[PDB]
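Structural overview
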Protein chains: 4
Amino acid sequence: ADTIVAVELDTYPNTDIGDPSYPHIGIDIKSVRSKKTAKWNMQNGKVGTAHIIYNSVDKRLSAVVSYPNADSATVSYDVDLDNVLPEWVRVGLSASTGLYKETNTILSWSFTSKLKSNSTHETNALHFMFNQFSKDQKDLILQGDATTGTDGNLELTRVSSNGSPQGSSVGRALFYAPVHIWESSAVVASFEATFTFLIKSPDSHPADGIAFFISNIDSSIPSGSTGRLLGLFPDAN
Amino acid sequence: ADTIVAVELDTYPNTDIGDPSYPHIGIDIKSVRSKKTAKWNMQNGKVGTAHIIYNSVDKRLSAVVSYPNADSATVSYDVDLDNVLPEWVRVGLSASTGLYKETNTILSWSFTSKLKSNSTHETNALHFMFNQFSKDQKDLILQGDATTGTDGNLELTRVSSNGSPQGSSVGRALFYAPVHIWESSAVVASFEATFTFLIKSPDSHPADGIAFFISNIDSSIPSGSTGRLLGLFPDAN
Amino acid sequence: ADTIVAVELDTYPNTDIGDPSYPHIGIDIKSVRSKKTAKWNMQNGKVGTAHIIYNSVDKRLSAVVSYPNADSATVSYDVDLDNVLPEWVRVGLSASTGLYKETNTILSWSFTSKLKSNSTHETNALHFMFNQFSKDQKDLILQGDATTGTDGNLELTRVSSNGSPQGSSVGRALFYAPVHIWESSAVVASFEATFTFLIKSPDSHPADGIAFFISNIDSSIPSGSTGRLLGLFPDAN
Amino acid sequence: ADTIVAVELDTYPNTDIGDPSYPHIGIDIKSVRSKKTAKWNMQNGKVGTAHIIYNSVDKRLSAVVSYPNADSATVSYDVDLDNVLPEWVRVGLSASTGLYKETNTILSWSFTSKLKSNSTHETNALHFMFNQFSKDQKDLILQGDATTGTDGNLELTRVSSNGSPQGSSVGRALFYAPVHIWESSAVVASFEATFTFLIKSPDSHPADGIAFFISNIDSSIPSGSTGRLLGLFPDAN
Ligand SMILES: [Ca+2]
Ligand SMILES: [Ca+2]
Ligand SMILES: [Ca+2]
Ligand SMILES: [Ca+2]
């Protein structure tokens, strides 16, 4: 049903569905079994920053995740998104918890998309930047358990009043306007997404992760995509 | 019903509803009878550029319209938009023709909105730029007779196959995402809009004009707003 | 000699040269005696943010200074900068200490200047953003006691090893490239500057302040401009 | 002496120094003998647009050159610029003519450089856009025969009063501020450059080409770099 391209910050190793034995960042092209992963030294309670970049000339989706004072983790995958996605897509953030949990807090999110045509000076562009989320964020489509406004942050999954993360939670936030990522006259199409997050768990084993994703405009959370499926995929195939 | 704040490029003088006896640019705050106008030496068949700027500290909405090789026309009006508009609005372009006509072609449109909060480094921003419009422009809400794709332009009003403008036409195009123009913690809110247009008429008297407007998110063309009402207002009060 | 237009964050009231009896923000047009001031509830040890905006259509230079969780202070002054400054200027930050002192630390600085011409799609722009300063910042001209790199910050005035601010210090940092703020064909010229600062003093009376300024490209610190003259003016006239 | 990384739009095939037998675009890393080339169907008298992109995660310098209504030509090369260039560089445009000639007119030039650090929200950026060049362009360093102001364009090489291109001409224009392309704490460094050009020759064989280049900050035209050496290299090694 949905077409999903995502960059996951997977906190919990589900080795039975192909995760490596550690937190990792991965690039998912229509399956939760990442096409490429990289070890991520996830820091519980620390604010991290993820940068995702791509352009149609190189056809390489790359992501860099870093924590202050720490070395970054980066993952890249050669993929032509014109062959995977529709030309009009929606971009968003997704997160889930299952039996194990963590807060999936987003403190800021910026995205820039550019479609440059072969006509001189013809660039179409979309850019949004959120450094504060209000309770009435009308330009975001919140799905599942995602809420905004709490300390001006976006909480992708359920957090009880006392700051505790809840299990079996799934939430997604998508920018309201469709994003144009391909057009017949485009000579170069590119996008850049950056978001800072705070994954905090009272447990030694947080789960399940946050994912930046791009999908068909009408994408909705697949039934049963809590836990390991990151609110992105209906099954683990 | 709708709350409209608009900057009009009025090509036809309807002196009975307060227009001056010449093409003029004006600032309309909830009425077609401009609060302030300035003579506009409209050039039939030439591509013009309109720049609209505003910020919540100065509370002055200003517009500058120019043609290559010609002197600009500028109009400014002191108005606090927080007292007029809702905090979530939609921005768009509107145009009409009545008994007299003209093409109301938009060749490019860019808009930048910024809400800076009192938290260090906390700027929320939205920016879109269209230098080419495709037939399937999913991020625009087209109302009335407005169409996109024709020579990669946005035609706000009806143009027949042979390039002739049609009379009694009204069309509007609004950016799909709501725009946040005020928030309790904002120290400065500002927006900038620029659009290039081509008004061409086979007649000595073109009508009726193009208007950049900001309105409540669910705004729709008022019944009978063709001609002098610019597809913006239901009557001439 | 130098032509200076500055927005000062004056921490010390020198009532004999016209300062009000409190910390204030003011707009200085070629004199340290501000043309307009506003009370500033300066917060020692807290990071503040100053926003300065101006455009040639309105001819109003406005500044907003805020601290997290506190109400902002704003000052505006109607001034046509084309009548004061050359068309090519340098922009910078200046600060001083005299008998009383404070640290004049800059944590980030961004500036955007735009000159839009009457030719369709003809915008000239310059934008720089510094959120981290390195020891070898080659695109900044550091004058006086200003240094960069220390905790990735820009220290406008002398701070000894143990973090103590030094008295009788003056330092300025200017962006290396000249900025074009006027041109014969420009229909609208505008600039926006934002910088976050940390003024900390061990004393109950910090002095003297930080100022965002615009000057002739070859501007240098006037002899004896420590203390009340903010490293900007040669005397108090 | 100088370290040059350039993307050339070579109009004249000098097969003896390795050029293919046609106009081509190539990526030059410290030698005029391109590391990679692509056939370019150069259109005499037409305005073209070149887009150059690069980021430190992928380490791929790519360029796309297009003409309205024509298919683009693109060339990419895997190169880690941190291993070639200094961390502070100057970016510019260069052009030459030899026995054969052409006008090397630049109508617009924009460049964006970004250095994102591992500290949350820490992006340093530089962006400039020139859509009109004036006679007194103080933020450009013009070398050789390059001049600005003529029809608001930048003429890299000599053009006589009657619009005729002159032979044995070499000119370069560099942005005044140094550009920071690497820093120890940077997690991702990227740049994007776009420029539109008009190469027009009265002859069937125009020469020699235009090149976008990045070099050590103090770069100057090598002696004898007219013609095939593009005002970039001292010899053909
Ligand atoms: Ca997992
Ligand atoms: Ca009218
Ligand atoms: Ca003072
Ligand atoms: Ca050659």
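Above this note sits the structure.
Here's a quick rundown of the structure.

Calculation rules
Residues numbered from 1 in each chain as written, not as in the entry; some residues may be left out. Chains lettered and ligands numbered in written order. Heavy atoms only, no water. Donors = N, O, S within 2.8 Å, 3.2 Å for Na, K, Ca; no water. Buried < 20%, exposed > 50% of the residue type's maximum accessible area, 1.4 Å probe, protein only. Contact = heavy atoms within 4.5 Å. Buried area = accessible area lost by both parts, 1.4 Å probe. Salt bridge = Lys/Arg side-chain N within 4 Å of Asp/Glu carboxyl O. Polar contact = N/O pair within 3.5 Å; in protein donor to acceptor, adjacent residues only side chain to side chain. Helix = DSSP H or I, 4+ residues; strand = E, 2+ residues; numbered from the N terminus. Nonpolar A, V, L, I, M, F, W, Y, C, P; charged D, E, K, R; others polar. Pairing = 2+ DSSP bridges. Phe/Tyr/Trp six-rings, centres within 6.5 Å; stacked < 30°, edge-to-face > 60°. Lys NZ or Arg CZ within 6 Å of the ring centre and 35° of its normal. Least-squares fit on C-alpha atoms. 1 Å grid on protein atoms, 1.4 Å probe; cavity = no way out; pocket = protein on both sides within 12 Å on 5 of 7 lines; lining within 4 Å. Points joined across faces, edges and corners; volume = space filled by probe spheres on them.

1. Describing the coordination of the calcium ion (ligand 1)
Residue and element names in this part refer to chain A. Looking at the calcium ion (ligand 1), the protein donor atoms are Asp10 (OD), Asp10 (OD), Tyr12 (O), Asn14 (OD1) and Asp19 (OD), and they sit 2.3 to 2.6 Å from it. Between consecutive donor residues of the calcium ion (ligand 1), the sequence gaps follow D-x1-Y-x1-N-x4-D. Given a relative accessible area of 3%, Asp10 falls into the buried group. Note on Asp19: relative accessible area 8%, which makes it buried.

2. Brief notes about the interface of chain A and chain B
Chain A puts 29 residues into the contact, and the matching count from chain B is 29 residues. Taken over both partners, the interface formed by chain A and chain B buries close to 2400 Å², and the fraction arising from carbon and sulfur atoms is 50%. Three residues stand out in chain A for area buried against chain B, namely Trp88(A), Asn124(A) and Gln132(A), and they jointly supply 24% of the buried area on that side. Between the two partners, chain A and chain B, sit 0 salt bridges. Where chain A packs against chain B, one counts 19 residue pairs in polar contact. Sorting the residues of the side of chain A that touches chain B by element identifies β7 (88–96) and β9 (123–130) of chain A as the ones contributing at least two each. Sorting elements by how many residues they give to the side of chain A that touches chain B places β9(A) first, with 8 residues. Residues belonging to the side of chain A that touches chain B are distributed by class as follows: 11 nonpolar, 11 polar and 7 charged. Examined bridge by bridge, β9(A) and strand β9 (residues 123–130) of chain B share 5 bridges and lie antiparallel to one another. Opposite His127(A), over in β9(B), you have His127(B) as the bridge partner.

3. Here's the deal with the packing of aromatic side chains
Taken as a whole, this structure holds 66 aromatic pairs over all chains when the rule is applied. Centroid distance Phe195(B) to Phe197(B): 5.8 Å. Interplanar angle 50°. Geometry classified as tilted. Like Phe195(B), the residue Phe197(B) is buried in the burial classification. Ring geometry for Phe191(D) and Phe212(D): centres 6.5 Å apart, planes at 45°, overall tilted. Taken together, the residues span a long stretch of sequence, with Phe191(D) in strand β15 (residues 186–200) and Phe212(D) in strand β16 (residues 209–216) at a distance of 21 residues. Each member of the pair, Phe191(D) together with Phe212(D), is buried. Among the aromatic residues, those joined into a ring-pair cluster are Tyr54(A), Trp109(A), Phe111(A), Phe128(A), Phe130(A), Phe133(A), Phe175(A), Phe191(A) and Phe212(A). The positively charged end of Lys39(A) is found above the aromatic ring belonging to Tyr22(A), 5.8 Å away from the centroid.

4. Focus: the relation of the copies chain A and chain B
Here the second copy of the chain follows from the first by a rotation about an axis and a shift along it. Rotating chain A by 180° and translating it 0.0 Å along the rotation axis places it on chain B, where the RMSD comes to 0.0 Å. One copy is carried onto the other by what is essentially a two-fold rotation axis. Looking at chain A, 100% of its interface residues are interface residues in chain B too, so the copies touch through the same face.

5. Quick word on the coordination of the calcium ion (ligand 4)
Note on metal geometry: ideal angles are 109.5 degrees for four donors arranged tetrahedrally and 90 or 180 degrees for six donors arranged octahedrally. Residue and element names in this part refer to chain D. For the calcium ion (ligand 4), the full set of protein donor atoms is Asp10 (OD), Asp10 (OD), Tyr12 (O), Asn14 (OD1) and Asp19 (OD), at a range of 2.3 to 2.6 Å. Every donor residue of the calcium ion (ligand 4) comes from the same chain, spaced as D-x1-Y-x1-N-x4-D. The two residues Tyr12 and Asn14 agree in class, both being buried.

6. Observations regarding the side chain of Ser113(B)
All names here are of chain B. Within the secondary structure, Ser113 sits in strand β8 (residues 103–117). Judged by relative accessible area, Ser113 falls into the buried class, the value being 5%. Excluding residues that lie within four positions of it along the chain, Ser113 makes contacts with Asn124, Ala125, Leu126, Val179, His180, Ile181, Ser190 and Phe191.

7. Considering the interface of chain C and chain B
Each partner contributes residues to the interface: chain C has 30 residues there, and chain B has 30 residues. When chain C packs against chain B, close to 2300 Å² is buried across both sides, 48% of that on carbon and sulfur atoms. Three residues, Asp58(C), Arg60(C) and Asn118(C), lead the burial of chain C against chain B; their summed loss comes to 21% of the area buried on that side. Linking chain C with chain B are 6 salt bridges, by the criterion used here. The shortest N-O distance in the salt bridge between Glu192(B) and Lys114(C) comes to 3.0 Å. The tally of links from chain C across to chain B stands at 14 residue pairs in polar contact. Elements with a contribution of two residues or more to the side of chain C that touches chain B: β4 (47–55), β5 (60–66), β6 (73–78), β8 (103–117) and β15 (186–200) of chain C. By residue number, the principal contributor to the side of chain C that touches chain B is β4(C), which donates 5 residues. Residue composition of the side of chain C that touches chain B, by class: 9 nonpolar, 15 polar and 6 charged.

8. Considerations on the relation of the copies chain C and chain B
Expressed as a screw transformation, the operator carrying chain C onto chain B has a rotation angle of 180° and an axial translation of 0.0 Å, and the superposed copies differ by an RMSD of 0.0 Å. Comparing interface residues between copies, 100% of those in chain C also lie at the interface in chain B; the contact surface is shared.

9. A short note on the pattern of salt bridges
All names here are of chain D. Taken as a whole and assessed by the stated rule, the structure comprises 32 salt bridges over all chains. Among the ionic pairs, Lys59 bridges to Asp80, the shortest N-O distance being 3.9 Å. Here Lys59 is found in the loop between β4 (47–55) and β5 (60–66), whereas its partner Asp80 is found in the loop between β6 (73–78) and β7 (88–96), with 21 residues between them in sequence. With relative accessibility at 28%, the residue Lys59 sits in the partly exposed group.

10. A closer look at the layout of surface pockets
By volume, the largest pocket is sized at about 370 Å³. Residue lining of the largest pocket: 19 residues in total, with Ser119(C), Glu122(C), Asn131(D), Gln132(D) and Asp151(D) positioned closest to the centre. Its residues assigned to classes, the lining of the largest pocket comprises 3 nonpolar, 14 polar and 2 charged.

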